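Printed here is work-v9.cif (mmCIF, C-alpha atoms and all ligand atoms):
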data_entry
#
loop_
_atom_site.label_atom_id
_atom_site.label_comp_id
_atom_site.auth_asym_id
_atom_site.auth_seq_id
_atom_site.Cartn_x
_atom_site.Cartn_y
_atom_site.Cartn_z
CA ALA X 1 104.38 101.39 102.72
CA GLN X 2 103.05 104.75 101.53
CA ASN X 3 101.23 107.06 103.98
CA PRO X 4 101.82 104.91 107.03
CA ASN X 5 100.31 107.42 109.46
CA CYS X 6 97.04 107.32 107.36
CA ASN X 7 96.82 111.04 106.85
CA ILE X 8 94.20 112.51 104.59
CA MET X 9 95.91 113.42 101.32
CA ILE X 10 95.00 116.25 98.99
CA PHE X 11 95.47 115.97 95.27
CA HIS X 12 95.73 118.60 92.54
CA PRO X 13 95.44 116.73 89.18
CA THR X 14 96.26 118.54 85.98
CA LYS X 15 93.62 118.70 83.22
CA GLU X 16 95.45 115.87 81.50
CA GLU X 17 95.44 113.73 84.63
CA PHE X 18 91.68 114.48 85.06
CA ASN X 19 90.76 112.55 81.93
CA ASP X 20 90.96 109.03 83.13
CA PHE X 21 89.06 108.60 86.39
CA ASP X 22 90.04 104.98 87.13
CA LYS X 23 93.66 105.68 86.44
CA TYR X 24 93.72 108.66 88.83
CA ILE X 25 92.05 106.65 91.65
CA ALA X 26 94.69 103.97 91.16
CA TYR X 27 97.41 106.72 91.26
CA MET X 28 96.08 108.08 94.50
CA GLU X 29 96.16 104.61 96.03
CA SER X 30 99.78 104.15 94.76
CA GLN X 31 100.61 107.11 97.01
CA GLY X 32 98.76 105.63 99.99
CA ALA X 33 95.68 107.78 99.93
CA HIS X 34 93.33 104.96 100.83
CA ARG X 35 95.04 104.37 104.09
CA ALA X 36 93.30 107.47 105.51
CA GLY X 37 89.82 106.35 104.41
CA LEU X 38 89.24 109.77 102.73
CA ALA X 39 91.05 111.93 100.15
CA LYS X 40 90.39 115.43 98.76
CA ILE X 41 90.71 116.13 95.03
CA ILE X 42 90.90 119.77 93.87
CA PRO X 43 89.92 119.85 90.16
CA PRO X 44 92.15 121.60 87.64
CA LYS X 45 91.39 125.28 87.31
CA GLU X 46 90.12 124.77 83.69
CA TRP X 47 87.36 122.40 84.86
CA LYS X 48 83.80 123.15 85.76
CA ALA X 49 80.84 120.95 86.73
CA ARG X 50 78.37 123.17 84.98
CA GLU X 51 78.09 126.79 83.81
CA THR X 52 75.98 128.22 86.65
CA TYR X 53 73.80 127.25 89.61
CA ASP X 54 71.29 130.03 88.93
CA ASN X 55 68.47 127.79 87.81
CA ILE X 56 68.26 125.05 90.54
CA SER X 57 65.48 126.44 92.73
CA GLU X 58 62.72 124.38 91.32
CA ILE X 59 64.27 121.02 92.12
CA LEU X 60 61.91 119.28 94.59
CA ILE X 61 62.95 117.87 97.90
CA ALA X 62 60.02 115.44 98.18
CA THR X 63 60.78 114.29 101.76
CA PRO X 64 62.98 116.72 103.74
CA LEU X 65 64.27 115.05 106.92
CA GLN X 66 64.35 116.80 110.32
CA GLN X 67 67.29 115.35 112.20
CA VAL X 68 66.27 115.05 115.84
CA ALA X 69 69.03 114.16 118.34
CA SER X 70 68.98 112.14 121.56
CA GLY X 71 71.84 111.60 124.00
CA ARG X 72 74.72 113.85 125.12
CA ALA X 73 76.61 116.42 123.16
CA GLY X 74 79.45 114.11 122.20
CA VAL X 75 77.54 110.81 121.97
CA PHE X 76 74.12 110.93 120.40
CA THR X 77 71.82 109.34 117.92
CA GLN X 78 69.58 111.04 115.40
CA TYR X 79 66.29 110.05 113.89
CA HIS X 80 64.83 111.43 110.76
CA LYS X 81 61.39 112.93 110.95
CA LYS X 82 59.74 113.31 107.56
CA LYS X 83 58.55 116.82 106.63
CA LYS X 84 56.35 118.17 103.86
CA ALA X 85 57.86 118.57 100.39
CA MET X 86 59.56 121.79 99.46
CA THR X 87 61.51 123.19 96.53
CA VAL X 88 65.27 123.92 96.73
CA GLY X 89 64.34 127.63 96.68
CA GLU X 90 62.06 127.17 99.66
CA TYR X 91 64.68 125.08 101.44
CA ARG X 92 67.43 127.66 100.82
CA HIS X 93 65.22 130.35 102.36
CA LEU X 94 64.57 128.11 105.34
CA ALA X 95 68.30 127.36 105.79
CA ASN X 96 69.00 131.15 105.77
CA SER X 97 66.24 131.93 108.32
CA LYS X 98 67.13 133.12 111.77
CA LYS X 99 66.07 129.76 113.27
CA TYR X 100 68.41 127.71 111.09
CA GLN X 101 71.24 129.93 109.80
CA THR X 102 74.88 129.47 110.64
CA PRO X 103 75.91 131.59 113.70
CA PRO X 104 78.63 134.12 113.66
CA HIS X 105 82.02 132.48 113.94
CA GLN X 106 85.74 133.22 113.63
CA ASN X 107 86.91 130.40 111.48
CA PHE X 108 86.17 126.74 110.76
CA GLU X 109 87.63 125.58 114.11
CA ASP X 110 85.36 127.92 116.04
CA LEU X 111 82.36 126.68 114.04
CA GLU X 112 83.40 123.05 114.72
CA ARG X 113 83.48 123.84 118.46
CA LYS X 114 80.03 125.35 118.24
CA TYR X 115 78.69 122.34 116.29
CA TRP X 116 79.86 119.83 118.93
CA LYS X 117 78.74 121.96 121.81
CA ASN X 118 75.29 122.74 120.50
CA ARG X 119 74.16 120.32 117.77
CA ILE X 120 71.91 118.26 119.96
CA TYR X 121 69.81 121.27 120.94
CA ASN X 122 68.60 121.87 117.42
CA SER X 123 66.85 119.82 114.72
CA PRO X 124 68.12 120.92 111.29
CA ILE X 125 66.33 119.82 108.11
CA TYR X 126 68.36 117.85 105.44
CA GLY X 127 67.32 117.17 101.81
CA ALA X 128 69.06 113.89 101.36
CA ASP X 129 69.32 111.09 99.00
CA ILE X 130 67.56 112.81 96.08
CA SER X 131 68.15 110.83 92.86
CA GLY X 132 69.57 113.18 90.24
CA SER X 133 72.62 115.12 88.94
CA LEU X 134 73.81 118.68 88.61
CA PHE X 135 76.69 117.86 86.23
CA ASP X 136 76.25 119.29 82.78
CA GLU X 137 76.02 116.49 80.22
CA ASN X 138 78.86 118.10 78.36
CA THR X 139 81.23 117.84 81.34
CA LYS X 140 83.33 114.89 80.37
CA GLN X 141 85.78 114.67 83.28
CA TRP X 142 84.70 113.46 86.74
CA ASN X 143 81.06 113.66 85.87
CA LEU X 144 79.43 111.61 88.63
CA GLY X 145 76.52 110.72 86.39
CA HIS X 146 78.93 109.15 83.79
CA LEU X 147 81.07 106.86 85.83
CA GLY X 148 81.59 103.19 85.12
CA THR X 149 78.92 101.22 87.01
CA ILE X 150 79.59 98.90 89.91
CA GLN X 151 77.65 96.17 88.07
CA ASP X 152 80.01 96.51 85.15
CA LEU X 153 83.04 96.41 87.46
CA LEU X 154 81.82 93.19 89.10
CA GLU X 155 81.25 91.77 85.65
CA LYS X 156 84.71 92.80 84.44
CA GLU X 157 86.44 91.39 87.53
CA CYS X 158 84.39 88.29 88.26
CA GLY X 159 82.60 87.49 84.98
CA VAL X 160 79.10 87.46 86.41
CA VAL X 161 76.46 89.66 84.78
CA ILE X 162 73.95 91.07 87.28
CA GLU X 163 70.90 93.29 87.34
CA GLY X 164 71.01 96.74 88.93
CA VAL X 165 71.83 100.30 88.27
CA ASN X 166 74.07 102.94 89.91
CA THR X 167 72.97 106.59 89.84
CA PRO X 168 73.96 109.70 91.79
CA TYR X 169 72.22 111.43 94.61
CA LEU X 170 71.87 115.09 95.59
CA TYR X 171 72.11 116.40 99.14
CA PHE X 172 70.85 119.86 100.11
CA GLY X 173 72.20 120.78 103.59
CA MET X 174 71.98 123.51 106.14
CA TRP X 175 73.87 124.40 109.34
CA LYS X 176 74.16 121.40 111.65
CA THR X 177 72.84 118.87 109.17
CA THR X 178 74.69 115.72 110.06
CA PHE X 179 75.91 112.48 108.49
CA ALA X 180 76.30 109.73 111.02
CA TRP X 181 79.21 107.33 111.36
CA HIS X 182 79.09 104.79 108.55
CA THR X 183 80.87 102.99 105.77
CA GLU X 184 79.27 102.68 102.37
CA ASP X 185 76.86 99.93 101.37
CA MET X 186 78.92 96.78 100.78
CA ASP X 187 81.99 98.85 101.85
CA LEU X 188 82.07 100.56 98.45
CA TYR X 189 83.94 103.72 97.61
CA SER X 190 82.06 106.95 97.46
CA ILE X 191 82.76 110.20 95.68
CA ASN X 192 81.22 113.47 96.73
CA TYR X 193 81.29 116.75 94.90
CA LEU X 194 80.33 119.95 96.78
CA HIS X 195 78.54 121.89 94.01
CA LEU X 196 77.76 125.04 95.89
CA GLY X 197 77.42 126.83 99.14
CA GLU X 198 78.97 126.43 102.54
CA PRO X 199 81.52 123.84 103.57
CA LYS X 200 81.17 120.26 104.83
CA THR X 201 83.47 119.01 107.64
CA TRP X 202 84.42 115.35 107.55
CA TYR X 203 85.79 112.94 110.09
CA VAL X 204 87.23 109.58 109.06
CA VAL X 205 88.75 106.44 110.61
CA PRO X 206 91.50 104.63 108.62
CA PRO X 207 90.15 101.35 107.18
CA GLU X 208 92.80 99.38 108.97
CA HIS X 209 91.34 100.64 112.27
CA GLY X 210 87.65 100.41 111.56
CA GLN X 211 87.07 97.66 114.05
CA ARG X 212 88.30 100.00 116.82
CA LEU X 213 85.52 102.38 116.00
CA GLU X 214 83.00 99.52 115.92
CA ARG X 215 84.11 98.33 119.37
CA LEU X 216 83.73 101.85 120.79
CA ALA X 217 80.35 102.16 119.20
CA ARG X 218 79.13 98.89 120.78
CA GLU X 219 80.25 100.28 124.19
CA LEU X 220 78.59 103.68 123.66
CA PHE X 221 75.36 102.43 122.14
CA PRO X 222 74.83 99.20 124.06
CA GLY X 223 71.08 98.62 123.38
CA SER X 224 71.58 99.28 119.66
CA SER X 225 74.48 96.83 119.62
CA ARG X 226 72.32 94.11 121.16
CA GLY X 227 69.63 94.81 118.59
CA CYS X 228 71.90 94.38 115.57
CA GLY X 229 75.39 93.11 114.99
CA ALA X 230 75.96 95.87 112.36
CA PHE X 231 74.02 98.75 113.73
CA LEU X 232 76.24 101.44 112.28
CA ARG X 233 74.56 100.43 108.96
CA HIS X 234 71.55 102.26 110.37
CA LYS X 235 73.40 105.53 109.95
CA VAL X 236 72.17 107.09 113.16
CA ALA X 237 75.08 107.27 115.62
CA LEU X 238 77.38 110.21 116.29
CA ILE X 239 80.57 110.31 118.34
CA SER X 240 82.54 113.54 118.68
CA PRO X 241 86.23 114.05 118.07
CA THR X 242 86.75 114.71 121.76
CA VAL X 243 85.18 111.36 122.61
CA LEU X 244 87.16 109.57 119.94
CA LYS X 245 90.43 111.09 121.36
CA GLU X 246 89.41 110.10 124.93
CA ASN X 247 89.07 106.51 123.77
CA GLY X 248 92.18 106.36 121.63
CA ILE X 249 90.43 105.90 118.30
CA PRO X 250 92.58 106.88 115.34
CA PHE X 251 90.88 109.45 113.09
CA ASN X 252 91.41 112.52 110.95
CA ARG X 253 89.35 115.50 109.96
CA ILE X 254 89.16 117.86 106.96
CA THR X 255 86.83 120.54 105.63
CA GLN X 256 85.58 120.32 102.02
CA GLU X 257 84.70 123.57 100.25
CA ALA X 258 82.59 124.23 97.20
CA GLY X 259 84.24 123.00 94.05
CA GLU X 260 86.11 120.15 95.69
CA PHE X 261 85.73 116.37 95.48
CA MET X 262 86.09 113.93 98.35
CA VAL X 263 86.64 110.22 97.89
CA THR X 264 85.89 107.74 100.64
CA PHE X 265 87.65 104.36 100.41
CA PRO X 266 86.36 100.89 101.18
CA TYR X 267 85.65 100.38 104.83
CA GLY X 268 86.60 104.02 105.74
CA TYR X 269 84.14 105.04 108.44
CA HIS X 270 83.14 108.67 108.06
CA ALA X 271 80.80 111.23 109.65
CA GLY X 272 80.42 115.00 109.36
CA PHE X 273 78.30 118.10 109.23
CA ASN X 274 77.39 120.99 106.98
CA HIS X 275 78.34 124.58 107.82
CA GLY X 276 75.36 126.23 106.11
CA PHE X 277 73.21 126.01 103.00
CA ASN X 278 74.93 123.78 100.44
CA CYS X 279 74.39 121.21 97.71
CA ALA X 280 76.48 118.07 97.23
CA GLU X 281 76.27 115.21 94.80
CA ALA X 282 77.58 111.73 95.57
CA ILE X 283 77.66 108.23 94.16
CA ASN X 284 79.16 104.89 95.03
CA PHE X 285 81.75 103.26 92.87
CA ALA X 286 84.03 100.26 92.76
CA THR X 287 87.53 99.32 91.63
CA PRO X 288 89.22 95.93 91.49
CA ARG X 289 90.60 96.48 94.99
CA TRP X 290 87.06 96.82 96.38
CA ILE X 291 86.06 93.24 95.57
CA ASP X 292 87.70 91.77 98.64
CA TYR X 293 86.09 94.38 100.87
CA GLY X 294 82.71 93.64 99.38
CA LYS X 295 83.06 90.00 100.20
CA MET X 296 83.82 90.78 103.85
CA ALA X 297 81.38 93.65 104.44
CA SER X 298 79.15 93.41 107.44
CA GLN X 299 75.53 93.39 107.00
CA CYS X 300 72.44 94.57 108.91
CA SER X 301 69.80 91.80 108.86
CA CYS X 302 67.56 93.32 111.67
CA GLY X 303 65.48 95.19 109.17
CA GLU X 304 66.51 98.70 109.98
CA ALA X 305 69.08 99.44 107.29
CA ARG X 306 66.75 98.89 104.25
CA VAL X 307 68.69 99.68 101.05
CA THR X 308 68.57 99.88 97.27
CA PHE X 309 67.49 97.31 94.79
CA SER X 310 71.03 96.98 93.46
CA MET X 311 72.57 95.75 96.75
CA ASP X 312 70.67 92.47 96.32
CA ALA X 313 72.93 91.22 93.63
CA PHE X 314 76.07 92.28 95.43
CA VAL X 315 75.10 90.22 98.50
CA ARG X 316 73.87 87.35 96.40
CA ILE X 317 77.10 87.01 94.42
CA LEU X 318 79.75 88.12 96.91
CA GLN X 319 78.13 86.81 100.12
CA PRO X 320 75.96 83.82 99.20
CA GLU X 321 76.08 82.38 102.77
CA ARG X 322 74.62 85.64 104.16
CA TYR X 323 72.13 86.11 101.38
CA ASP X 324 69.08 84.33 102.85
CA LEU X 325 69.30 86.03 106.25
CA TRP X 326 70.06 89.47 104.74
CA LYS X 327 67.12 89.18 102.33
CA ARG X 328 64.75 88.30 105.24
CA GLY X 329 65.88 91.65 106.73
CA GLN X 330 64.98 93.40 103.47
CA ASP X 331 61.46 91.69 103.32
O1 LIG B 401 77.30 114.50 102.24
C1 LIG B 401 76.61 113.75 103.02
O2 LIG B 401 75.60 114.05 103.76
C2 LIG B 401 76.98 112.32 103.21
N1 LIG B 401 77.85 111.83 102.15
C3 LIG B 401 78.56 110.72 102.27
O3 LIG B 401 78.53 109.89 103.26
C4 LIG B 401 79.42 110.29 101.13
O4 LIG B 401 79.59 111.00 100.16
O5 LIG B 401 79.85 109.12 101.30
MG MG B 402 65.14 124.26 89.04
NI NI B 403 79.17 108.05 102.94
ZN ZN B 404 70.30 96.39 111.83
#
Output the file's structure as structure tokens, nothing else.
Amino acid sequence: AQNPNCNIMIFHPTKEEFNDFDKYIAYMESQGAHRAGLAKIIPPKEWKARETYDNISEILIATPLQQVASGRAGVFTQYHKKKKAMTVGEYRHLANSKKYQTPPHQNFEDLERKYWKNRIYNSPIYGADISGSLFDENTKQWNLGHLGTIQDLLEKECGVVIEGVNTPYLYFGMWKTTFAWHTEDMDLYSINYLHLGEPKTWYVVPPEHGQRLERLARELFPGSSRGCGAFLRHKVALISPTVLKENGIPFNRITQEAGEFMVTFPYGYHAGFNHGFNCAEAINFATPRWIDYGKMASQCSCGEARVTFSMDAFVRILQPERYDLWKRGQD
């Protein structure tokens, strides 16, 4: 078995290997990358996502989210308070302001220490989940707006034609902006490209050990657990590396820098934080190996998780028994 310790692997494809996206994902899995839940892909040196980032300031963040924390430094939840619209140029200035800017630090480990010590005492503002793309249309390799769609994969694998679309989303982050512990909708893959700015630190639990994280989470968030049998679908709970180590949960960590891709694998729980002003782009995708994970994915039916139009069909076809209850949650 490849990668039996489930370490995060880092890949350096050549320009020739960067042509065929599906093939390269399948290569990475042949080397055991999926066992970690997360992989890093450094593009060939010849590749670029677009020519420059000099003209992005007029993108609108229609609903910036202030991420307010409750709990203790290592075990907290966050809720998202909606703020007034602002442009990317306005947001970048805000991120760089004395109130929100990254503090002085020695290296990534020192910054990680400072994040875990102090996150809860601040409420950073995140521009998340903004439909759109920063890939140039002429970028033919690993262009996250040109991937094969999950609806087309389900159709290719299973023969059933379904409605729905699959488009990318932009994330504009600042120091301390936080992504809570989660897997993807329907335990899909995700791919994330850090277009610009400061790094993003990731934490990930190997898919084979995801239920260990879920059991810890039910212990640490006991009212949430009673409210919903899949409350991590709410994407609000944080658990620090120190707490994970205290409770014996297997995980790994890695920092993504500008110009790098990360891939999350089906049922790989992940969480993380931004180091400073940045912009990422991410999309879900599927492969043939995902289908079995989609069929088994947990679902939130309490009403909190509220998701895209396109998840309907996935539940309806892969999880017909759950469909009725899940749809009641959505309506
Ligand atoms: O970058 C972020 O805030 C969160 N991204 C992801 O969870 C992802 O790409 O799967
Ligand atoms: Mg612009
Ligand atoms: Ni994710
Ligand atoms: Zn729920």
What lies within 8 Å of range 165-182 of chain X using all atoms listed in the file, ignoring chain neighbours under 3 positions off, as a PyMOL selection string? chain X and resi 67+88+95+100-102+115+119+124-133+144-145+149-151+232-233+235-239+269-284+310
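Comparing X:304, X:17, X:58, X:29 by their smallest distance to ligand MG 402 (chain B), the closest is X:58 (using only C-alpha atoms and all ligand atoms).
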If the limit is 9 Å from any atom of ligand MG 402 (chain B), counting all atoms listed in the file, which residues qualify? Return them as a count of residues only. 10
I'd like the interatomic distance between CA of residue 300 in chain X and CA of residue 8 in chain X, to a tenth of an Å. 28.5 Å
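Closest to ligand NI 403 (chain B) among X:267, X:121, X:293, X:309 is X:267, based on only C-alpha atoms and all ligand atoms.
The coordinates place CA of residue 44 in chain X at 16.4 Å from CA of residue 192 in chain X.
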Could you list, as JSON, numbers by chain, every residue within 8 Å of range 32-41 of chain X, counting all atoms listed in the file and ignoring same-chain residues fewer than 6 positions away? {"X": [1, 2, 3, 4, 6, 7, 8, 9, 10, 11, 12, 13, 204, 205, 206, 207, 208, 252, 256, 260, 261, 262, 263, 264, 265, 266, 267, 268, 269, 270]}
Could you list, as a list in words, all protein and nucleic acid residues with an atom at most 12 Å from ligand ZN 404 (chain B), counting all atoms listed in the file? residues 223, 224, 225, 226, 227, 228, 229, 230, 231, 232, 233, 234, 235, 236, 298, 299, 300, 301, 302, 303, 304, 305, 306, 307, 325, 326, 328, 329 and 330 of chain X
As a VMD selection string, please: the residues near residue 122 in chain X (cut-off 8 Å, only C-alpha atoms, same-chain neighbours under 3 positions excluded). chain X and resid 68 to 69 118 to 119
For ligand LIG 401 (chain B), the closest of X:23, X:84, X:195, X:114 counting all atoms listed in the file is X:195
